[PDB]
RNA sequence: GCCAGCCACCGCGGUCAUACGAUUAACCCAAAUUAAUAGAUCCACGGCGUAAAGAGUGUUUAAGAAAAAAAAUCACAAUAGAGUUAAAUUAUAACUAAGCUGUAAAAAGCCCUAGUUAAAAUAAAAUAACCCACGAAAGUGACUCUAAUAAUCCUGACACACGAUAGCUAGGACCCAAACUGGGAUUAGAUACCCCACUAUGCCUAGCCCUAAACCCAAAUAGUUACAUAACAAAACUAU
Ligand code: FES
Ligand SMILES: [K+]
Ligand SMILES: [Mg+2]
Ligand SMILES: [Mg+2]
Ligand SMILES: [Mg+2]
Ligand SMILES: [Mg+2]
Ligand SMILES: [Mg+2]
Ligand SMILES: [Mg+2]
Ligand SMILES: [Mg+2]
Ligand SMILES: [Mg+2]
Ligand SMILES: [Mg+2]
Ligand SMILES: [Mg+2]
Ligand SMILES: [Mg+2]
Ligand SMILES: [Mg+2]
Ligand SMILES: [Mg+2]
Ligand SMILES: [Mg+2]
Ligand SMILES: [Mg+2]
Ligand SMILES: [Mg+2]
Ligand SMILES: [Mg+2]
Ligand SMILES: [Mg+2]
Ligand SMILES: [Mg+2]
Ligand SMILES: [Mg+2]
Ligand SMILES: [Mg+2]
Ligand SMILES: [Mg+2]
Ligand SMILES: [Mg+2]
Ligand SMILES: [Mg+2]
Ligand SMILES: [Mg+2]
Ligand SMILES: [Mg+2]
Ligand SMILES: [Mg+2]
Ligand SMILES: [Mg+2]
Ligand SMILES: [Mg+2]
Ligand SMILES: [Mg+2]
Ligand SMILES: [Mg+2]
Ligand SMILES: [Mg+2]
């Protein structure tokens with residue numbers, strides 16, 4: 001039996017370090033007309049817009065490359081006891097995964 | 001205290017320093033009473049040398 | 001006996017605090033060019049923190065340095081000196097739209 | 001009929017008291033399960049007071065000696081050319097490989113950080129990975 | 001949240017990490033308690049007001065043969081049951 | 001009693017439960033103690049607790 | 001229970017009363033276990049334990065509640081506001 | 001039938017009074033009953049943002065606390081002197097113009113005026129300031145220089161020192177603002193709001209007066225986030 005402490009040390013999330021400016025690949029799980037819901041393995045799902053080039057090949061299950069900036073967008077405003085989360089993540093598209 | 005008195009003789013209408021001069025005297029007066037009730041021999045020498 | 005527990009150490013990823021434009025630099029009332037860049041050329045007003053962007057220490061020093069030059073006779077009061085009108089722009093205010 | 005007060009106590013506390021009182025003559029089915037299997041904490045209502053003063057939270061930060069090594073690698077070389085993949089439980093990152101070889105190298109008796117950092121970069125270069133220095 | 005402090009293993013760069021060791025102990029009793037009430041022919045209701053898994057949770061209860069309520073919750077449903085549902089209604093014996 | 005650090009010591013029972021009766025030849029008792037230092041703990045607590053009991057009798 | 005008519009007011013109060021029920025522990029079914037001192041809002045009420053012989057020396061509203069609960073020996077003093085609801 | 005009258009407190013009576021007067025009946029004390037005046041008893045080991053309550057401020061004396069730990073501060077507009085002037089305005093001069101000020105709309109006033117150019121004195125201190133510093137408080141933010149901000153770091157008065165603005169006494173200054181006063185307009189009246197003129201005075205030196213919503217309506221020194229929501233507001237509380 002492996003202790004839970006050892007699992008966190010070798011987990012990919014811990015090895016990433018700060019979430020800012022990290023190249024993380026993700027898989028698309030939902031498609032809208034212009035919005036691509038991408039799961040990059042984090043707690044929440046980032047949303048990006050379909051690029052104008054090679055946009056027809058962005059389908060469900062396709063793998064893409066992302067640049068994580070904030071793992072979970074969250075800010076504090078005056079008069080709020082608890083921060084108001086957005087239930088999403090911030091990322092940008094660098095293209096499609098090079099298989 | 002000597003420095004404030006020299007300042008007071010020039011600037012007579014100054015009130016911030018006049019309060020400081022009075023408070024400085026009171027603190028020295030309080031401390032002299034404390035010294036007298038603990039070490040009389042030193043208090044007598046301090047009183048004579050400084051002219052207080 | 002478990003060596004996998006986290007240790008009580010400070011954050012190693014603490015990015016250095018941002019430096020202002022004039023940090024570690026000595027402002028003066030004799031160099032008009034340095035003082036003139038923070039003055040509106042059309043009116044002669046002094047920009048605030050939200051426009052100048054300087055920190056809390058060099059903003060006051062610039063204000064005192066500028067006013068010393070106003071009276072001592074080193075820079076105009078109601079307008080920016082035209083000789084230093086082509087200096088690089090450091091403020092974040094735009095008049096032309 | 002029953003008790004509808006949330007703040008008096010847990011559901012177990014009110015149910016057994018009413019049965020003992022004699023008003024509820026039909027024992028609920030879930031009560032027997034609760035007696036056999038009680039939870040870790042009894043569900044007692046408590047007001048979420050806001051913390052004032054010098055009191056802070058007891059949560060400790062998750063930091064490791066590896067993180068200190070990872071900071072130097074990220075500061076110098078930035079993010080590695082390899083793309084991180086969180087879907088693989090056994091993924092080995094480029095920074096993780098650098099840390100693992102850093103630990104092995106320092107087991108040889110080297111104390112200077114500069115020697116450990118420079119040699120580790122040279123060792124990774126022998127494996128074929130790219131370590132283009134930033135700036 | 002203040003009451004979640006004991007259940008947090010720690011915070012990683014501002015992100016809290018839940019201690020799974022305490023989760024396993026709680027989940028073991030949760031599944032054990034859930035099965036026993038279902039063994040005794042008890043009504044189990046799945047409640048989740050989240051508009052990303054409403055269909056998945058609703059289908060989950062249908063396979064198990066139990067009831068689910070992932071829609072908008074009326075004010076007097078569980079309390080004022082006779083008026084909302086019917087004259088004689090048997091209240092659920094467990095809510096998930 | 002509500003006010004005070006130890007309101008119990010200001011009731012009749014506490015003043016009456018102290019049994020220390022001086023002889024007829026004792027007239028003056030002088031107590032000297034310090035307000036600082038761990039050595040004076042016994043003296044300060046004696047003044048704070050037992051002296052009212054001694055004076056009452 | 002509040003309504004436009006007094007007769008309807010009594011009916012609502014009775015039915016809604018059985019929904020809110022407490023269980024008060026009674027030491028030997030005649031007295032509370034220990035003396036209780038509480039300050040609810042702006043009402044100071046102090047209750048003391050008593051033996052079997054001397055019982056039910058309390059506020060006339062407290063006596064009505066005590067006879068319903070089952071307590072038969074109690075002393076209670078009410079200070080401050082004497083509002084019935086508090 | 002708000003009449004005659006009743007009440008310990010709240011109240012009753014204004015042509016259908018269980019409250020006045022009488023009657024029937026009832027209740028409660030009883031050789032006593034009721035009324036009147038004294039007395040027993042009864043206020044705070046409770047409170048001080050909004051309720052009566054933290055006194056305008058600081059130091060010190062009398063007095064009292066100390067008991068565990070620990071603590072001389074600080075870029076910036078304190079204060080009092082000395083020197084200095086950018087932007088505006090005015091005396092005043094030149095030139096042009098016949099009008100200029102003013103309001104929701106006008107009148108009155110001015111025409112010794114208005115615009116431009118040149119320019120002392122007095123007075124007041126744009127932007128910086130979306131900063132929050134200094135002083136015990138009231139206060140202070142144009143520039144320069146000098147002097148300078150008590151206590152080896154508790155509480156403390158009726159005592160000592162201080163205290164915006166208005167007001168008084170004497171001398172000096174007067175751009176401009178301006179109670180009072182006069183004129184215009186409005187209005188039923190307007191000894192008001194609005195418009196024009198001007199005085200005390202706002203300013204400097206010396207003295208006095210010692211009042212403010214002197215309010216952050218929250219006293220000083222050490223602390224705690226435990227217990228716990230009257231209401232509202234600026235969450236609750238312990239020790240001296
Ligand atoms: S941040 Fe260093 S002087 Fe401005
Ligand atoms: K100025
Ligand atoms: Mg009453
Ligand atoms: Mg009568
Ligand atoms: Mg009649
Ligand atoms: Mg009567
Ligand atoms: Mg009668
Ligand atoms: Mg008051
Ligand atoms: Mg008050
Ligand atoms: Mg006071
Ligand atoms: Mg005082
Ligand atoms: Mg003394
Ligand atoms: Mg002067
Ligand atoms: Mg003149
Ligand atoms: Mg005219
Ligand atoms: Mg003119
Ligand atoms: Mg200010
Ligand atoms: Mg002070
Ligand atoms: Mg000081
Ligand atoms: Mg003192
Ligand atoms: Mg005065
Ligand atoms: Mg004055
Ligand atoms: Mg005056
Ligand atoms: Mg006079
Ligand atoms: Mg005069
Ligand atoms: Mg005048
Ligand atoms: Mg005038
Ligand atoms: Mg008139
Ligand atoms: Mg004030
Ligand atoms: Mg006051
Ligand atoms: Mg005060
Ligand atoms: Mg005081
Ligand atoms: Mg002090
Ligand atoms: Mg304090």
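Neighbour counts run over all protein chains shown; Cβ positions are idealised from the backbone, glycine included. Laboratory data are not the source of any read-out in this text; all were calculated from the coordinates shown.
Laid out as a table, the results:
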{"item": "Cα principal axis extents for chain A, largest first, Å", "result": "45, 43, 23"}
{"item": "Radius of gyration, Dmax [chain D; alpha carbons; angstrom]", "result": "29.4, 82"}
{"item": "Centroid-to-centroid separation of segment D:32-61 and segment D:1-20 [C-alpha atoms, Å]", "result": "20"}
{"item": "Segment C:23-85, relative contact order in percent, only Cα pairs under 8 angstrom and at least six apart counted", "result": "46"}
{"item": "Directionally averaged shadow of segment E:20-69, computed from the convex hull of its alpha-carbon atoms, nm²", "result": "4.1"}
{"item": "Relative contact order (percent, whole number), chain E, Cα cutoff 8 Å, 6+ residue spacing", "result": "25"}
{"item": "10 Å Cβ neighbours from other chains, averaged over peptide C:7-15", "result": "6"}
{"item": "Residues D:111, G:31 arranged by fewest to most Cβ contacts within 10 Å", "result": "D:111, G:31"}
{"item": "Listed peptides F:37-50, A:7-20 by packing density, highest first (mean Cβ within 10 Å)", "result": "A:7-20, F:37-50"}
{"item": "Which of C:35, E:56 has the fewest Cβ neighbours within 10 Å, and the rest in rising order", "result": "E:56, C:35"}
{"item": "Neighbouring partner chain Cβ atoms per residue of G:13-21, average, 10 Å criterion", "result": "3"}
{"item": "Binned Cα-Cα distances of chain G, short to long, each 5 Å bin given as a whole percent", "result": "3, 13, 18, 21, 17, 14, 9, 4, 1, 0"}
{"item": "Protection-proxy order for peptides G:41-48, D:35-42, each taking the mean of Cβ atoms within 10 Å per residue, highest first", "result": "G:41-48, D:35-42"}
{"item": "Inter-chain shielding of E:37-49 (mean C-beta neighbours from other protein chains, 10 Å cut-off)", "result": "1"}
{"item": "Residue order, fewest to most beta carbons within 10 Å, for B:43, E:3", "result": "E:3, B:43"}
{"item": "Convex hull (Cα only) mean projected area of the protein assembly as shown, reported in nm² to one decimal", "result": "61.3"}
{"item": "Alpha carbon convex hull of chain C, projected area averaged over orientations, nm²", "result": "10.0"}
{"item": "Rounded tilt (10° steps) of D:94-106 against the dominant C-alpha axis of chain D", "result": "70"}
{"item": "Prolate/oblate/rounded label for chain F (Cα gyration tensor, a/c 1.5)", "result": "oblate"}
{"item": "Whole-number D in µm² s⁻¹ for chain B, Kirkwood Cα-pair radius fed into Stokes-Einstein, 10 °C, 1.306 mPa s", "result": "130"}
{"item": "Alpha-carbon Debye profile of chain E, log10 I(q)/I(0) at 0.14, 0.21 Å⁻¹", "result": "-0.76, -1.16"}
{"item": "Helix-only mean residue ellipticity at 222 nm for chain C, each DSSP H run of n ≥ 4 adding -39500 (n - 2.57), per residue, nearest 500", "result": "-6500 deg cm²/dmol"}
{"item": "Burial ranking of peptide ranges A:79-86, G:20-27, D:69-76, C:15-22 (average Cβ count within 10 Å, highest at the top)", "result": "D:69-76, G:20-27, C:15-22, A:79-86"}
{"item": "Tilt relative to chain E, helix E:20-39 - C-alpha long axis, 0 to 90 degrees, to 10", "result": "20"}
